[PDB]
$ cat work06.pdb   # PDB, C-alpha atoms
ATOM      1  CA  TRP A  50      -8.643 -97.707-104.969  1.00  0.00           C
ATOM      2  CA  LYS A  51      -5.872 -95.249-104.105  1.00  0.00           C
ATOM      3  CA  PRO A  52      -5.211 -94.465-100.433  1.00  0.00           C
ATOM      4  CA  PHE A  53      -8.645 -92.892-100.220  1.00  0.00           C
ATOM      5  CA  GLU A  54      -9.082 -94.856 -97.011  1.00  0.00           C
ATOM      6  CA  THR A  55      -7.134 -92.230 -95.089  1.00  0.00           C
ATOM      7  CA  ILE A  56      -8.531 -89.264 -97.011  1.00  0.00           C
ATOM      8  CA  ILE A  57     -12.127 -90.109 -96.066  1.00  0.00           C
ATOM      9  CA  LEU A  58     -11.413 -91.517 -92.617  1.00  0.00           C
ATOM     10  CA  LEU A  59      -9.618 -88.316 -91.626  1.00  0.00           C
ATOM     11  CA  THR A  60     -12.318 -86.206 -93.214  1.00  0.00           C
ATOM     12  CA  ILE A  61     -15.016 -87.908 -91.154  1.00  0.00           C
ATOM     13  CA  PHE A  62     -12.821 -87.671 -88.063  1.00  0.00           C
ATOM     14  CA  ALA A  63     -12.418 -83.926 -88.553  1.00  0.00           C
ATOM     15  CA  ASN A  64     -16.155 -83.674 -89.112  1.00  0.00           C
ATOM     16  CA  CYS A  65     -16.717 -85.326 -85.735  1.00  0.00           C
ATOM     17  CA  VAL A  66     -14.246 -83.000 -84.025  1.00  0.00           C
ATOM     18  CA  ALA A  67     -15.944 -80.006 -85.640  1.00  0.00           C
ATOM     19  CA  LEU A  68     -19.267 -81.338 -84.378  1.00  0.00           C
ATOM     20  CA  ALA A  69     -17.916 -81.625 -80.834  1.00  0.00           C
ATOM     21  CA  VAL A  70     -16.402 -78.138 -80.550  1.00  0.00           C
ATOM     22  CA  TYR A  71     -19.736 -76.590 -81.434  1.00  0.00           C
ATOM     23  CA  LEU A  72     -21.239 -74.963 -78.378  1.00  0.00           C
ATOM     24  CA  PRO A  73     -25.035 -74.872 -78.098  1.00  0.00           C
ATOM     25  CA  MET A  74     -26.345 -71.558 -76.888  1.00  0.00           C
ATOM     26  CA  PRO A  75     -29.843 -70.918 -75.551  1.00  0.00           C
ATOM     27  CA  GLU A  76     -32.713 -68.914 -76.962  1.00  0.00           C
ATOM     28  CA  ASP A  77     -30.842 -68.430 -80.233  1.00  0.00           C
ATOM     29  CA  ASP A  78     -27.682 -66.675 -79.211  1.00  0.00           C
ATOM     30  CA  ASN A  79     -24.400 -67.390 -80.943  1.00  0.00           C
ATOM     31  CA  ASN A  80     -20.708 -66.698 -80.842  1.00  0.00           C
ATOM     32  CA  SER A  81     -18.057 -66.176 -83.469  1.00  0.00           C
ATOM     33  CA  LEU A  82     -16.782 -69.742 -83.368  1.00  0.00           C
ATOM     34  CA  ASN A  83     -20.135 -71.384 -84.047  1.00  0.00           C
ATOM     35  CA  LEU A  84     -20.625 -69.047 -86.995  1.00  0.00           C
ATOM     36  CA  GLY A  85     -17.336 -70.356 -88.332  1.00  0.00           C
ATOM     37  CA  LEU A  86     -18.066 -74.049 -87.961  1.00  0.00           C
ATOM     38  CA  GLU A  87     -21.045 -73.521 -90.245  1.00  0.00           C
ATOM     39  CA  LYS A  88     -18.873 -71.906 -92.903  1.00  0.00           C
ATOM     40  CA  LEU A  89     -16.995 -75.192 -92.497  1.00  0.00           C
ATOM     41  CA  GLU A  90     -20.016 -77.384 -93.138  1.00  0.00           C
ATOM     42  CA  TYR A  91     -20.115 -76.626 -96.838  1.00  0.00           C
ATOM     43  CA  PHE A  92     -16.547 -77.928 -96.937  1.00  0.00           C
ATOM     44  CA  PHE A  93     -17.515 -81.220 -95.276  1.00  0.00           C
ATOM     45  CA  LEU A  94     -20.773 -81.486 -97.206  1.00  0.00           C
ATOM     46  CA  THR A  95     -18.940 -81.027-100.487  1.00  0.00           C
ATOM     47  CA  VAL A  96     -16.262 -83.677-100.002  1.00  0.00           C
ATOM     48  CA  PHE A  97     -18.903 -86.172 -98.923  1.00  0.00           C
TER      49      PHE A  97
ATOM     50  CA  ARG B 242     -27.519 -47.917 -48.281  1.00  0.00           C
ATOM     51  CA  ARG B 243     -29.091 -45.332 -46.058  1.00  0.00           C
ATOM     52  CA  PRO B 244     -29.627 -42.219 -48.159  1.00  0.00           C
ATOM     53  CA  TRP B 245     -27.682 -40.006 -45.767  1.00  0.00           C
ATOM     54  CA  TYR B 246     -24.674 -42.240 -46.344  1.00  0.00           C
ATOM     55  CA  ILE B 247     -25.017 -42.480 -50.128  1.00  0.00           C
ATOM     56  CA  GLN B 248     -25.521 -38.733 -50.001  1.00  0.00           C
ATOM     57  CA  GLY B 249     -22.369 -37.868 -48.148  1.00  0.00           C
ATOM     58  CA  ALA B 250     -20.220 -40.505 -49.824  1.00  0.00           C
ATOM     59  CA  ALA B 251     -20.132 -39.283 -53.450  1.00  0.00           C
ATOM     60  CA  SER B 252     -21.386 -36.608 -55.821  1.00  0.00           C
ATOM     61  CA  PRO B 253     -24.514 -36.869 -57.996  1.00  0.00           C
ATOM     62  CA  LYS B 254     -24.550 -39.095 -61.063  1.00  0.00           C
ATOM     63  CA  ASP B 255     -25.675 -39.498 -64.660  1.00  0.00           C
ATOM     64  CA  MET B 256     -26.003 -43.278 -64.597  1.00  0.00           C
ATOM     65  CA  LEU B 257     -27.117 -45.400 -67.551  1.00  0.00           C
ATOM     66  CA  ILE B 258     -27.882 -49.022 -66.783  1.00  0.00           C
ATOM     67  CA  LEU B 259     -27.312 -51.246 -69.794  1.00  0.00           C
ATOM     68  CA  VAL B 260     -28.968 -54.605 -69.433  1.00  0.00           C
ATOM     69  CA  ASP B 261     -27.931 -57.421 -71.742  1.00  0.00           C
ATOM     70  CA  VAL B 262     -30.937 -59.388 -72.929  1.00  0.00           C
ATOM     71  CA  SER B 263     -29.304 -61.548 -75.539  1.00  0.00           C
ATOM     72  CA  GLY B 264     -30.432 -65.135 -75.622  1.00  0.00           C
ATOM     73  CA  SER B 265     -27.638 -66.652 -73.613  1.00  0.00           C
ATOM     74  CA  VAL B 266     -28.654 -64.849 -70.421  1.00  0.00           C
ATOM     75  CA  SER B 267     -31.970 -66.619 -70.194  1.00  0.00           C
ATOM     76  CA  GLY B 268     -32.681 -68.705 -67.172  1.00  0.00           C
ATOM     77  CA  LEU B 269     -31.066 -67.966 -63.843  1.00  0.00           C
ATOM     78  CA  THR B 270     -28.838 -65.061 -64.731  1.00  0.00           C
ATOM     79  CA  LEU B 271     -31.751 -63.165 -66.251  1.00  0.00           C
ATOM     80  CA  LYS B 272     -33.771 -63.160 -63.058  1.00  0.00           C
ATOM     81  CA  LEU B 273     -30.660 -62.270 -61.109  1.00  0.00           C
ATOM     82  CA  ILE B 274     -30.232 -59.355 -63.512  1.00  0.00           C
ATOM     83  CA  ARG B 275     -33.760 -58.155 -62.848  1.00  0.00           C
ATOM     84  CA  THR B 276     -33.322 -58.258 -59.078  1.00  0.00           C
ATOM     85  CA  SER B 277     -29.931 -56.605 -59.386  1.00  0.00           C
ATOM     86  CA  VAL B 278     -31.126 -53.684 -61.477  1.00  0.00           C
ATOM     87  CA  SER B 279     -33.917 -53.075 -58.995  1.00  0.00           C
ATOM     88  CA  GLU B 280     -31.529 -53.137 -56.035  1.00  0.00           C
ATOM     89  CA  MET B 281     -29.247 -50.757 -57.926  1.00  0.00           C
ATOM     90  CA  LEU B 282     -32.002 -48.282 -58.688  1.00  0.00           C
ATOM     91  CA  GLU B 283     -32.630 -48.289 -54.983  1.00  0.00           C
ATOM     92  CA  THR B 284     -29.234 -46.600 -54.412  1.00  0.00           C
ATOM     93  CA  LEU B 285     -30.200 -43.417 -56.259  1.00  0.00           C
ATOM     94  CA  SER B 286     -31.600 -40.130 -55.023  1.00  0.00           C
ATOM     95  CA  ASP B 287     -33.519 -37.221 -56.460  1.00  0.00           C
ATOM     96  CA  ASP B 288     -30.252 -35.518 -57.428  1.00  0.00           C
ATOM     97  CA  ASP B 289     -29.204 -38.273 -59.842  1.00  0.00           C
ATOM     98  CA  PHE B 290     -30.421 -39.092 -63.320  1.00  0.00           C
ATOM     99  CA  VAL B 291     -30.886 -42.576 -64.712  1.00  0.00           C
ATOM    100  CA  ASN B 292     -32.224 -44.614 -67.613  1.00  0.00           C
ATOM    101  CA  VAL B 293     -32.231 -48.331 -68.347  1.00  0.00           C
ATOM    102  CA  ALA B 294     -31.378 -49.379 -71.883  1.00  0.00           C
ATOM    103  CA  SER B 295     -31.174 -52.890 -73.239  1.00  0.00           C
ATOM    104  CA  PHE B 296     -29.384 -54.544 -76.139  1.00  0.00           C
ATOM    105  CA  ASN B 297     -29.501 -57.790 -78.099  1.00  0.00           C
ATOM    106  CA  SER B 298     -28.202 -57.196 -81.617  1.00  0.00           C
ATOM    107  CA  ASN B 299     -30.101 -53.906 -81.275  1.00  0.00           C
ATOM    108  CA  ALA B 300     -30.196 -51.402 -78.426  1.00  0.00           C
ATOM    109  CA  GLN B 301     -33.428 -49.820 -77.270  1.00  0.00           C
ATOM    110  CA  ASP B 302     -34.909 -48.295 -74.168  1.00  0.00           C
ATOM    111  CA  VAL B 303     -36.485 -50.592 -71.641  1.00  0.00           C
ATOM    112  CA  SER B 304     -39.434 -48.265 -71.107  1.00  0.00           C
ATOM    113  CA  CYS B 305     -41.257 -45.181 -72.357  1.00  0.00           C
ATOM    114  CA  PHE B 306     -38.628 -42.659 -71.338  1.00  0.00           C
ATOM    115  CA  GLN B 307     -35.922 -42.328 -74.053  1.00  0.00           C
ATOM    116  CA  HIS B 308     -33.458 -40.129 -72.144  1.00  0.00           C
ATOM    117  CA  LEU B 309     -32.126 -39.495 -68.654  1.00  0.00           C
ATOM    118  CA  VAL B 310     -34.879 -38.916 -66.094  1.00  0.00           C
ATOM    119  CA  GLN B 311     -34.693 -37.627 -62.575  1.00  0.00           C
ATOM    120  CA  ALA B 312     -34.716 -40.843 -60.501  1.00  0.00           C
ATOM    121  CA  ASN B 313     -37.452 -39.918 -58.072  1.00  0.00           C
ATOM    122  CA  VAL B 314     -39.903 -42.398 -56.627  1.00  0.00           C
ATOM    123  CA  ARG B 315     -42.362 -42.299 -59.518  1.00  0.00           C
ATOM    124  CA  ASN B 316     -39.778 -42.558 -62.284  1.00  0.00           C
ATOM    125  CA  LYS B 317     -37.993 -45.351 -60.476  1.00  0.00           C
ATOM    126  CA  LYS B 318     -41.297 -47.169 -60.143  1.00  0.00           C
ATOM    127  CA  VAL B 319     -41.693 -46.889 -63.913  1.00  0.00           C
ATOM    128  CA  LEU B 320     -38.192 -48.216 -64.516  1.00  0.00           C
ATOM    129  CA  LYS B 321     -38.580 -51.114 -62.085  1.00  0.00           C
ATOM    130  CA  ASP B 322     -41.869 -52.137 -63.652  1.00  0.00           C
ATOM    131  CA  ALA B 323     -40.217 -51.933 -67.048  1.00  0.00           C
ATOM    132  CA  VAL B 324     -37.219 -53.997 -66.019  1.00  0.00           C
ATOM    133  CA  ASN B 325     -39.449 -56.734 -64.668  1.00  0.00           C
ATOM    134  CA  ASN B 326     -41.053 -57.145 -68.111  1.00  0.00           C
ATOM    135  CA  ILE B 327     -37.781 -58.133 -69.727  1.00  0.00           C
ATOM    136  CA  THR B 328     -37.231 -61.231 -71.849  1.00  0.00           C
ATOM    137  CA  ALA B 329     -34.095 -62.795 -73.281  1.00  0.00           C
ATOM    138  CA  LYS B 330     -33.700 -63.670 -76.957  1.00  0.00           C
ATOM    139  CA  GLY B 331     -31.247 -62.926 -79.743  1.00  0.00           C
ATOM    140  CA  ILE B 332     -27.562 -62.568 -80.521  1.00  0.00           C
ATOM    141  CA  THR B 333     -25.208 -60.411 -78.499  1.00  0.00           C
ATOM    142  CA  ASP B 334     -23.737 -57.228 -79.953  1.00  0.00           C
ATOM    143  CA  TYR B 335     -21.817 -55.025 -77.529  1.00  0.00           C
ATOM    144  CA  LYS B 336     -20.934 -52.346 -80.066  1.00  0.00           C
ATOM    145  CA  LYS B 337     -24.552 -51.359 -80.634  1.00  0.00           C
TER     146      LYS B 337
END
$ encode --input "work06.pdb" --output "structure tokens"
Amino acid sequence: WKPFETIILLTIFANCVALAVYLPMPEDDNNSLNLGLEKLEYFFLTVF
Amino acid sequence: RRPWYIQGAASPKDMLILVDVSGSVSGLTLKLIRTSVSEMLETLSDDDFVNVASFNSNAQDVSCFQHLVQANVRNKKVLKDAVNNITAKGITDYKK
């Protein structure tokens, strides 16, 4: 019952922003940034 | 593009075309790349040497050749037929 409202609201908001900066590449290419936003998914799938 | 012009306008060459066939080129730009490599091979003579390589997270030769070949009509036919058989898939790696 602490101010965990903000700590989870902002975490979901940053998850959305990290979902929107992903850039979908065809035929299974990739770039450096996409490979980083996956090393950021274990940080958003741990908190949740 | 007339061979007398290309002949008197520069010295011979040792050209190596390096097509990028990573996944992100699929679609329009891939077919433009095929037509472009063919129209570039058409600006070579029998004094120049050529080879078409190709990379997507691993670089290999587009055809059976494996080194620089003499860019005459038969070899260029081989290299055009090999460039037309090209498909796009994988991750890009320019260093390789």
$ closest_residue --input "work06.pdb" --among "A:53, A:87, A:95, A:77" --to "chain B" --atoms "only C-alpha atoms"
A:77
$ interface_residues --input "work06.pdb" --of "chain A" --to "chain B" --cutoff "7 Å" --atoms "all atoms listed in the file" --output "list in words"
residues 74, 75, 76, 77, 78 and 79 of chain A
$ resolve_selection --input "work06.pdb" --expression "the PyMOL selection byres ((chain B and resi 277-291) around 9)" --output "CSV table (one decimal) with C-alpha atoms, in the frame of the given file"
chain,number,residue,atom,x,y,z
B,242,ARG,CA,-27.5,-47.9,-48.3
B,243,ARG,CA,-29.1,-45.3,-46.1
B,244,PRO,CA,-29.6,-42.2,-48.2
B,247,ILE,CA,-25.0,-42.5,-50.1
B,248,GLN,CA,-25.5,-38.7,-50.0
B,252,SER,CA,-21.4,-36.6,-55.8
B,253,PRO,CA,-24.5,-36.9,-58.0
B,254,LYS,CA,-24.6,-39.1,-61.1
B,255,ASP,CA,-25.7,-39.5,-64.7
B,256,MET,CA,-26.0,-43.3,-64.6
B,257,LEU,CA,-27.1,-45.4,-67.6
B,258,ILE,CA,-27.9,-49.0,-66.8
B,260,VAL,CA,-29.0,-54.6,-69.4
B,272,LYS,CA,-33.8,-63.2,-63.1
B,273,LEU,CA,-30.7,-62.3,-61.1
B,274,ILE,CA,-30.2,-59.4,-63.5
B,275,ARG,CA,-33.8,-58.2,-62.8
B,276,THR,CA,-33.3,-58.3,-59.1
B,292,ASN,CA,-32.2,-44.6,-67.6
B,293,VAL,CA,-32.2,-48.3,-68.3
B,308,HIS,CA,-33.5,-40.1,-72.1
B,309,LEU,CA,-32.1,-39.5,-68.7
B,310,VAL,CA,-34.9,-38.9,-66.1
B,311,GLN,CA,-34.7,-37.6,-62.6
B,312,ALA,CA,-34.7,-40.8,-60.5
B,313,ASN,CA,-37.5,-39.9,-58.1
B,314,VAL,CA,-39.9,-42.4,-56.6
B,317,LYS,CA,-38.0,-45.4,-60.5
B,320,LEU,CA,-38.2,-48.2,-64.5
B,321,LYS,CA,-38.6,-51.1,-62.1
B,324,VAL,CA,-37.2,-54.0,-66.0
B,325,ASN,CA,-39.4,-56.7,-64.7
$ atom_distance --input "work06.pdb" --atom1 "atom CA of residue 96 of chain A" --atom2 "atom CA of residue 57 of chain A"
8.6 Å
$ closest_residue --input "work06.pdb" --among "B:304, B:249, B:336, B:269" --to "residue 322 of chain B" --atoms "all atoms listed in the file"
B:304
$ atom_distance --input "work06.pdb" --atom1 "atom CA of residue 335 of chain B" --atom2 "atom CA of residue 80 of chain A"
12.2 Å
$ atom_distance --input "work06.pdb" --atom1 "atom CA of residue 323 of chain B" --atom2 "atom CA of residue 303 of chain B"
6.1 Å
$ resolve_selection --input "work06.pdb" --expression "the PyMOL selection byres ((chain A and resi 66-73) around 8)" --output "list in words"
residues 62, 63, 64, 65, 74, 75, 82, 83 and 86 of chain A
$ build_atoms --input "work06.pdb" --residues "segment 69-95 of chain A" --atoms "N, CA and C atoms" --output "PDB file, keeping the file's coordinate frame"
ATOM      1  N   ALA A  69     -18.065 -81.616 -82.283  1.00  0.00           N
ATOM      2  CA  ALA A  69     -17.916 -81.625 -80.834  1.00  0.00           C
ATOM      3  C   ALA A  69     -17.482 -80.284 -80.270  1.00  0.00           C
ATOM      4  N   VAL A  70     -16.790 -79.453 -81.047  1.00  0.00           N
ATOM      5  CA  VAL A  70     -16.402 -78.138 -80.550  1.00  0.00           C
ATOM      6  C   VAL A  70     -17.517 -77.129 -80.672  1.00  0.00           C
ATOM      7  N   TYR A  71     -18.571 -77.451 -81.400  1.00  0.00           N
ATOM      8  CA  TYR A  71     -19.736 -76.590 -81.434  1.00  0.00           C
ATOM      9  C   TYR A  71     -20.269 -76.423 -80.024  1.00  0.00           C
ATOM     10  N   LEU A  72     -20.796 -75.251 -79.731  1.00  0.00           N
ATOM     11  CA  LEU A  72     -21.239 -74.963 -78.378  1.00  0.00           C
ATOM     12  C   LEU A  72     -22.666 -74.471 -78.421  1.00  0.00           C
ATOM     13  N   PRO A  73     -23.629 -75.215 -77.888  1.00  0.00           N
ATOM     14  CA  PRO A  73     -25.035 -74.872 -78.098  1.00  0.00           C
ATOM     15  C   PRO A  73     -25.482 -73.794 -77.129  1.00  0.00           C
ATOM     16  N   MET A  74     -25.969 -72.703 -77.669  1.00  0.00           N
ATOM     17  CA  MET A  74     -26.345 -71.558 -76.888  1.00  0.00           C
ATOM     18  C   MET A  74     -27.856 -71.451 -76.819  1.00  0.00           C
ATOM     19  N   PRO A  75     -28.395 -70.946 -75.723  1.00  0.00           N
ATOM     20  CA  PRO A  75     -29.843 -70.918 -75.551  1.00  0.00           C
ATOM     21  C   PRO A  75     -30.501 -69.839 -76.385  1.00  0.00           C
ATOM     22  N   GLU A  76     -31.814 -69.965 -76.496  1.00  0.00           N
ATOM     23  CA  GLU A  76     -32.713 -68.914 -76.962  1.00  0.00           C
ATOM     24  C   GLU A  76     -32.195 -68.204 -78.204  1.00  0.00           C
ATOM     25  N   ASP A  77     -31.406 -68.925 -78.985  1.00  0.00           N
ATOM     26  CA  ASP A  77     -30.842 -68.430 -80.233  1.00  0.00           C
ATOM     27  C   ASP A  77     -29.893 -67.262 -80.000  1.00  0.00           C
ATOM     28  N   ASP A  78     -28.857 -67.522 -79.224  1.00  0.00           N
ATOM     29  CA  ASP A  78     -27.682 -66.675 -79.211  1.00  0.00           C
ATOM     30  C   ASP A  78     -26.677 -67.314 -80.149  1.00  0.00           C
ATOM     31  N   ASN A  79     -25.471 -66.771 -80.182  1.00  0.00           N
ATOM     32  CA  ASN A  79     -24.400 -67.390 -80.943  1.00  0.00           C
ATOM     33  C   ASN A  79     -23.088 -66.771 -80.510  1.00  0.00           C
ATOM     34  N   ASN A  80     -21.999 -67.328 -81.012  1.00  0.00           N
ATOM     35  CA  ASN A  80     -20.708 -66.698 -80.842  1.00  0.00           C
ATOM     36  C   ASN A  80     -19.955 -66.848 -82.142  1.00  0.00           C
ATOM     37  N   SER A  81     -18.788 -66.219 -82.213  1.00  0.00           N
ATOM     38  CA  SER A  81     -18.057 -66.176 -83.469  1.00  0.00           C
ATOM     39  C   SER A  81     -17.687 -67.569 -83.934  1.00  0.00           C
ATOM     40  N   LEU A  82     -17.291 -68.428 -83.000  1.00  0.00           N
ATOM     41  CA  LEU A  82     -16.782 -69.742 -83.368  1.00  0.00           C
ATOM     42  C   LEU A  82     -17.855 -70.585 -84.030  1.00  0.00           C
ATOM     43  N   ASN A  83     -19.041 -70.645 -83.433  1.00  0.00           N
ATOM     44  CA  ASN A  83     -20.135 -71.384 -84.047  1.00  0.00           C
ATOM     45  C   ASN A  83     -20.428 -70.888 -85.447  1.00  0.00           C
ATOM     46  N   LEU A  84     -20.375 -69.578 -85.663  1.00  0.00           N
ATOM     47  CA  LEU A  84     -20.625 -69.047 -86.995  1.00  0.00           C
ATOM     48  C   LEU A  84     -19.520 -69.421 -87.964  1.00  0.00           C
ATOM     49  N   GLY A  85     -18.374 -69.865 -87.455  1.00  0.00           N
ATOM     50  CA  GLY A  85     -17.336 -70.356 -88.332  1.00  0.00           C
ATOM     51  C   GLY A  85     -17.500 -71.814 -88.675  1.00  0.00           C
ATOM     52  N   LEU A  86     -17.883 -72.632 -87.706  1.00  0.00           N
ATOM     53  CA  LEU A  86     -18.066 -74.049 -87.961  1.00  0.00           C
ATOM     54  C   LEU A  86     -19.258 -74.336 -88.853  1.00  0.00           C
ATOM     55  N   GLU A  87     -20.060 -73.334 -89.190  1.00  0.00           N
ATOM     56  CA  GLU A  87     -21.045 -73.521 -90.245  1.00  0.00           C
ATOM     57  C   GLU A  87     -20.462 -73.194 -91.606  1.00  0.00           C
ATOM     58  N   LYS A  88     -19.636 -72.153 -91.692  1.00  0.00           N
ATOM     59  CA  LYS A  88     -18.873 -71.906 -92.903  1.00  0.00           C
ATOM     60  C   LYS A  88     -17.841 -72.986 -93.151  1.00  0.00           C
ATOM     61  N   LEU A  89     -17.791 -73.995 -92.295  1.00  0.00           N
ATOM     62  CA  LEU A  89     -16.995 -75.192 -92.497  1.00  0.00           C
ATOM     63  C   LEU A  89     -17.848 -76.395 -92.836  1.00  0.00           C
ATOM     64  N   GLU A  90     -19.166 -76.255 -92.815  1.00  0.00           N
ATOM     65  CA  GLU A  90     -20.016 -77.384 -93.138  1.00  0.00           C
ATOM     66  C   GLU A  90     -20.199 -77.551 -94.629  1.00  0.00           C
ATOM     67  N   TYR A  91     -20.085 -76.477 -95.397  1.00  0.00           N
ATOM     68  CA  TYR A  91     -20.115 -76.626 -96.838  1.00  0.00           C
ATOM     69  C   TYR A  91     -18.821 -77.212 -97.367  1.00  0.00           C
ATOM     70  N   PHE A  92     -17.773 -77.249 -96.552  1.00  0.00           N
ATOM     71  CA  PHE A  92     -16.547 -77.928 -96.937  1.00  0.00           C
ATOM     72  C   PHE A  92     -16.586 -79.413 -96.620  1.00  0.00           C
ATOM     73  N   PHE A  93     -17.328 -79.814 -95.595  1.00  0.00           N
ATOM     74  CA  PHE A  93     -17.515 -81.220 -95.276  1.00  0.00           C
ATOM     75  C   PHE A  93     -18.728 -81.820 -95.952  1.00  0.00           C
ATOM     76  N   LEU A  94     -19.634 -80.999 -96.455  1.00  0.00           N
ATOM     77  CA  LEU A  94     -20.773 -81.486 -97.206  1.00  0.00           C
ATOM     78  C   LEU A  94     -20.531 -81.432 -98.696  1.00  0.00           C
ATOM     79  N   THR A  95     -19.387 -80.907 -99.112  1.00  0.00           N
ATOM     80  CA  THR A  95     -18.940 -81.027-100.487  1.00  0.00           C
ATOM     81  C   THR A  95     -18.092 -82.262-100.706  1.00  0.00           C
TER      82      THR A  95
END
